[PDB]
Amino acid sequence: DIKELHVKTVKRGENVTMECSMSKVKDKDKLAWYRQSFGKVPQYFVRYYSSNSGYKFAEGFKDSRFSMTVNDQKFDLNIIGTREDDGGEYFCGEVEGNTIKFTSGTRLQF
């Protein structure tokens, strides 16, 4: 089967966390979040990084409201003070050889 997206109906100003698990990850370096604004191609904007914070944003991405909770269990994506510009779908994917496998995703709607 195909996994369902988590659907979060959020209110402007709400703080959101979108979940992705480390449980079955083979190589953390190949783990990233992809943002798809409505009607756009998805694009990676943050990836795992071997550091204390545990992540690095994509070149050209800047938004102080975004962070991640990264540890041995979690690769979770946080937004403080969400707004309608954040509406869209978010996918957590791990590259494996020739393809990427998306283990989870969330639709943020208002």
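The first residue of the sequence shown is number 1, and the count goes up from there.
**Q** When the Cα temperature factors in the entry are averaged, is it 22-30 or 41-49 that ends up higher?
**A** Higher mean C-alpha B-factor: 22-30.
**Q** Quick check on the record: does 81-89 or 51-59 carry the larger mean Cα temperature factor?
**A** Per the PDB record, 51-59.
**Q** Where does the C-alpha B-factor of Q73 rank in its chain, lowest, middle or highest third?
**A** CA B-factor rank for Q73: highest third.
**Q** Would you check the entry's CA temperature factor for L5 and let me know if it's in the chain's lowest, middle or highest third?
**A** Within its chain, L5 is a middle-third residue by C-alpha B-factor, going by the deposited values.
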